[PDB]
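# Secondary and tertiary structure notes
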Amino acid sequence: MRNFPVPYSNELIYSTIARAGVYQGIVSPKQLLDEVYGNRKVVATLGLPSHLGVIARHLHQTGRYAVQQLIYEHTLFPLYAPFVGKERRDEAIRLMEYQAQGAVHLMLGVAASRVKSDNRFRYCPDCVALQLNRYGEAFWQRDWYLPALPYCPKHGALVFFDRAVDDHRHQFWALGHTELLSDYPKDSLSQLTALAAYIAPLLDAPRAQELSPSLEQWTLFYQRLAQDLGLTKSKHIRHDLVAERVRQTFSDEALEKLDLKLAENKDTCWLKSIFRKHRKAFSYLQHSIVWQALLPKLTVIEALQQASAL
Amino acid sequence: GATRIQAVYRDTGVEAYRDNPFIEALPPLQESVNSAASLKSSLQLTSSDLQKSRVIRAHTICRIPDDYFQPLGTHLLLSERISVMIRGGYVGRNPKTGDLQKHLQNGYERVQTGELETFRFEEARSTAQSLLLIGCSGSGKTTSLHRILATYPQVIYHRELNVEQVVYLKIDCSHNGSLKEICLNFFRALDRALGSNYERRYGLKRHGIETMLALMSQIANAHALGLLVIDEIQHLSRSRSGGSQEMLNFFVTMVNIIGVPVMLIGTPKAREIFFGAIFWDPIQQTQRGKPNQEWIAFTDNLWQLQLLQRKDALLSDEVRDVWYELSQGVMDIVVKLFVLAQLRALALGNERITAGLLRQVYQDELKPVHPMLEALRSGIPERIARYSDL
Amino acid sequence: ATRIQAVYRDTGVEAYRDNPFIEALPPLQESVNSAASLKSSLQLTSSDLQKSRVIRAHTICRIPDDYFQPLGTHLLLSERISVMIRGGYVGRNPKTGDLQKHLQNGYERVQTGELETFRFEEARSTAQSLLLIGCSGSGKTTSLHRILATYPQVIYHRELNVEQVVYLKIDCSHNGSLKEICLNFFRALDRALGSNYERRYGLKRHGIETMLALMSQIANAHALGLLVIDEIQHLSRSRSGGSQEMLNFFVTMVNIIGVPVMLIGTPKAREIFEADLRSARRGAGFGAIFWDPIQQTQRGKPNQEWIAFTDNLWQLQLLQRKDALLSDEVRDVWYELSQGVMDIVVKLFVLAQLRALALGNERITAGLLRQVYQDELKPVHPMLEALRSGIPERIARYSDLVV
Ligand SMILES: Nc1ncnc2c1ncn2[C@@H]1O[C@H](COP(=O)(O)OP(=O)(O)OP(=O)(O)O)[C@@H](O)[C@H]1O
Ligand SMILES: Nc1ncnc2c1ncn2[C@@H]1O[C@H](COP(=O)(O)OP(=O)(O)O)[C@@H](O)[C@H]1O
Ligand SMILES: [Mg+2]
Ligand SMILES: [Mg+2]
Ligand SMILES: [Zn+2]
């Protein structure tokens with residue numbers, strides 16, 4: 001391919017490849033896969049793509065784009081890197097370069113959850129207008145495609161529509177403004193929008209690359225934090241004050257929507273397992289809820305600094 | 001195939017040419033001093049290479065037709081017009097403030113729906129213009145377009161984007177008025193100036209005529225093509241059923257809607273099929289009752305390239321008159337006749353050019369072009385109507 | 001078809017400089033001495049008189065295929081071919097040095113205002129074309145095969161990887177077709193090299209234009225020097241396309257391939273190229289050569305070409321009672337019954353010798369020449385009689401002799 005578009009600011013590489021297909025009139029998806037990649041057995045993935053390294057080679061003449069830059073800034077890697085650990089993070093970075101989609105997903109937690117959560121395409125009414133006003137195009141953006149939240153960080157709600165990634169597994173689709181929006185009222189919960197605005201700065205932060213505390217670091221950090229809050233009995237959890245605080249911070253409808261509904265009667269729970277010794281890396285969203293319920297005076301980067309220090 | 005010149009941006013002095021990477025990276029607009037000194041060329045004529053053998057002195061004298069060029073009055077106007085229509089065709093195609101991304105987005109629908117008037121944006125206009133060049137055969141339509149378009153770098157590479165701007169492209173029409181062989185010469189000339197494979201993937205997939213008319217004009221916008229030149233547009237006279245008008249409708253939809261400038265070249269036999277037009281004519285000896293200054297300069301600059309040992313520096317009025325009489329104004333005939341006379345003089349051994357020698361060379365070695373020159377000599381419109389292309 | 005390993009030479013012309021293609025070719029012989037390598041004669045026509053009657057008769061019929069006498073018109077043609085082969089290589093210089101850095105330095109200097117003007121890469125102009133037109137029987141193919149034989153066909157270069165095919169000779173099709181003269185190119189590049197091309201590039205899906213743009217890549221992949229198309233008269237009045245679908249085909253073909261093109265044809269084919277200024281300009285690109293039969297006398301004195309062509313042919317006789325010196329009446333009879341055409345000179349001599357050998361009267365006489373001409377050479381009678389009359393339109397009834 002003799003002319004590969006540079007990704008716009010804060011874009012998914014899937015949209016870059018789709019726009020590369022648009023700019024040359026390659027309607028046939030097989031022809032697009034042949035030209036861009038060279039093999040017809042690739043999967044168009046949104047969030048944690050593979051085969052980067054032949055994408056970063058098309059942009060090789062542009063000095064400022066390398067493999068790490070696409071891995072960190074134009075794929076949803078910063079939402080898994082701080083939590084998984086060190087060796088898993090390094091292995092995943094090494095495997096994004098090569099042609100293995102399966103191994104990359106296996107190394108990461110919910111990437112190995114083998115379910116494409118809300119695989120349908122999302123978009124935000126107001127963001128598309130701004131992008132049309134400034135860039136002149138409309139592209140998929142990392143803010144919309146949060147792992148579990150169907151919500152834009154700044155505006156209210158993400159207006160869904162039909163079609164999905166898995167309907168055609170070998171085709172890249174690029175948004176056209178002719179489907180700009182449909183005017184129908186939608187209101188969003190305040191605390192969920194607050195969570196989106198709290199987790200958004202983790203995407204655009206250089207310090208998220210090298211701050212990945214280990215498992216024992218996570219469990220010791222949470223243990224000392226719970227001791228400092230004073231709700232901790234001797235080697236035990238109160239299991240009541242924490243639930244009360246998280247219920248005050250986030251309502252029941254929210255916990256239903258993000259699929260973390262509390263079961264205080266059940267001994268095994270997403271909140272209960274954090275206090276005990278950590279066995280596997282928990283998702284970013286559970287940690288976000290814990291942080292926002294316990295102490296709101298520190299940002300995500302400050303929390304990562306405190307966790308990495310000791 | 002073509003050398004990729006890395007771009008460096010200058011400071012243009014025009015308000016409209018404000019921040020375009022495409023037209024702020026072209027070579028600076030030259031002036032009247034550089035409109036008549038960046039085209040001139042001549043043979044070296046070293047005095048050390050005049051005393052050599054006959055074979056060396058006869059092989060080094062045949063390079064005159066290829067290496068000699070003298071800019072006339074018309075070339076200044078042609079250069080200025082091409083400069084204007086190649087610099088003004090990018091202002092409506094700004095890649096910075098989202099204007100080229102609005103011309104490429106529309107062109108995907110035309111590939112999909114097959115109709116070349118399905119706009120998706122209405123705020124993306126076109127700012128290209130058109131030119132038409134018509135002149136007698138041998139006037140210099142190609143060799144004075146390969147030295148006026150040769151001051152531009154063709155393939156440029158801008159690294160702020162990833163775009164590889166192709167400044168100008170040249171193709172020529174099919175031997176008949178073919179339909180799928182004008183949209184294939186474009187690909188065959190674009191992928192030998194980039195080292196790519198566009199013909200093997202646009203056309204080999206069994207496309208229709210409409211899809212190959214849309215894909216051509218989409219890939220001509222993926223690379224910011226500045227000027228498209230089509231040589232010998234008279235080949236569309238012998239077109240297929242409807243080809244003589246469908247392509248001339250496309251050539252007015254490309255400059256008006258898609259926005260790529262286009263320039264057309266053809267012999268006066270191509271005026272029947274019809275665009276600002278420029279008409280070229282052979283040099284006339286008399287302009288206002290006195291010999292033409294351009295003709296005098298052309299002759300007196302050609303006369304200073306002579307490998308004959310017994311050469312005459314002074315050019316006789318009789319010799320000039322018989323040269324014009326046997327040439328009838330066409331520059332190709334002028335240069336070719338001079339070279340042939342010089343070769344025959346070297347062959348005989350008499351190394352001074354004479355009017356009789358000129359006439360003998362003409363009569364013996366210009367047999368096919370005889371009736372056209374005689375028709376132009378007679379100047380009767382009835383005789384001119386058949387052949388001589390005037 | 002045999003690869004000759006390149007051996008580089010230096011020439012005195014400055015425009016050629018260091019060009020592998022020009023410098024690997026044989027050196028620049030002067031045109032005067034270029035007509036001393038064409039000459040040949042029948043080897044060992046001596047001491048064979050007392051051999052037999054049948055061997056001495058099979059050893060005469062090789063006179064037409066082993067005798068060549070250069071004339072005055074074989075200097076100009078040889079010089080034009082020598083200029084045309086090497087002048088078409090100066091543009092194609094493969095051993096380019098550092099061009100990227102020089103061009104970029106020029107671009108930066110002109111963009112910063114230091115250098116006022118600069119010239120970037122240029123495109124080579126149209127290829128030189130020559131048209132040779134002569135009446136049939138004058139030697140338009142023997143001359144080419146004895147002039148191009150001094151140039152090795154396929155030369156192999158060691159530092160490069162190109163098998164420089166110095167020349168190529170193809171012939172036109174009898175249909176007048178235009179896809180059968182773009183395919184003789186591959187079928188004649190297969191008999192010079194070893195690889196096959198008609199299997200790959202000779203399909204039926206490819207049109208005439210595509211077959212004209214794939215005979216341009218393999219025309220500079222091997223640095224081909226000349227393209228000779230023989231018997232161009234066959235293209236008039238063909239059922240494939242009109243008269244303006246080929247007058248444009250030549251223009252396009254000349255404008256694409258870039259290798260010099262030589263066209264050999266008959267005075268009937270002049271009317272094809274004298275139709276418009278474009279085709280006559282391109283066809284007479286490097287002069288138009290017109291060939292005529294030898295005249296017995298020029299101005300008021302006997303010609304010195306006919307005498308030199310006759311008195312040397314007379315020294316290949318194998319009759320026992322050979323005449324020592326040639327007589328004026330015999331020469332005049334030979335000219336009157338020959339009219340200057342080459343094939344009605346050597347053949348009229350060989351046939352007369354065979355007749356004199358068969359009859360047993362071992363002597364060549366005027367009556368024997370007249371008898372053999374009236375008996376065996378019947379089909380050549382009308383056009384020779386028209387030449388005797390000399391009336392142009394009477395000759396124009398026949399379609400291959402000069403009019
Ligand atoms: N102004 C000029 N000064 C010097 N030489 C010239 C000039 N114009 C043309 N020539 C000579 O004329 C030769 C042939 O002319 P050219 O190739 O430009 O013709 P053309 O316009 O392409 O003709 P056609 O009608 O066949 O398309 C060139 O090789 C060049 O040497
Ligand atoms: N200069 C010459 N000297 C001797 N014989 C010649 C000469 N030119 C032609 N011939 C004879 O003419 C015969 C026919 O020539 P040919 O190659 O058929 O020319 P064409 O194809 O133009 O008729 C040849 O056999 C050759 O012997
Ligand atoms: Mg031309
Ligand atoms: Mg022949
Ligand atoms: Zn938004």
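Residues numbered from 1 in each chain as written, not as in the entry; some residues may be left out. Chains lettered and ligands numbered in written order. Part of a larger assembly, values for the part shown. Heavy atoms only, no water.

cryo-EM is the method the PDB entry states for this structure, with the resolution given as 3.51 Å.

## Some remarks on the UniProt feature "binding site: ATP" in chain C
Residue and element names in this part refer to chain C. We count it as follows: UniProt positions are given in the numbering used here, feature names are shortened, and annotations may be inferred rather than shown by experiment. A helix here means a DSSP run of H or I that spans at least four residues, while a strand means a run of E at least two residues long, and both kinds are numbered starting from the N terminus. A 1.4 Å probe rolled over the protein chains alone gives each residue an accessible area, and that area as a share of the maximum for its type sets the label: buried under 20%, exposed over 50%, partly exposed in between.
In this structure's numbering, the residues bearing the UniProt feature "binding site: ATP" are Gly134, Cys135, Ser136, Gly137, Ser138, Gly139, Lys140 and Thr141. By the secondary structure assignment, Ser136 is in the loop between β2 (129–134) and α6 (142–147). Judged by its relative accessible area of 41%, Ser136 is partly exposed. Within the secondary structure, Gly139 is located in the loop between β2 and α6.

## Things to note about the pattern of salt bridges
The cut-off we apply is this: Salt bridges, as used here, are contacts in which a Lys or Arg side-chain nitrogen is within 4 Å of a carboxyl oxygen on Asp or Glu.
Evaluation of the coordinates by the stated rule reveals 39 salt bridges over all chains. Across the salt bridge formed by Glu374(B) and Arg377(B), the nearest N and O atoms sit 3.3 Å from each other. In this pair, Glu374(B) and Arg377(B) are both assigned in helix α12 (residues 370–378), three residues apart and thus about one turn of the helix distant. Judged by its relative accessible area of 30%, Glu374(B) falls in the partly exposed class. By relative accessible area, which is 31% here, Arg377(B) ends up partly exposed. Here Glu180(C) ties to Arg187(C) by a salt bridge, and the two come within 3.0 Å at their closest N and O atoms. Judged by its relative accessible area of 28%, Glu180(C) is partly exposed. Overlapping salt bridges, with partners in common, bring together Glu181(B), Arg188(B) and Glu199(B) in one network.

## Topic: the pairing of strand β2 (residues 130–135) of chain B
All names here are of chain B. Spelled out, the test is: Any two strands with at least two DSSP-identified bridges between them are counted as paired.
The element β2 is extensively covered by neighbouring structure, given that six of its six residues are classed as buried. Covered by surrounding structure in β2 are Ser130, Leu132 and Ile134 together with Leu131, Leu133 and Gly135, the residues of both alternating faces. Here β2 runs beside strand β6 (residues 262–266); their pairing, made up of five bridges, is parallel. Residue pairing across strands places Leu131 opposite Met263, the latter belonging to β6. As paired elements, β2 and strand β7 (residues 276–280) share five bridges and run parallel to each other. What sits directly across from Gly135, in β7, is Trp280.

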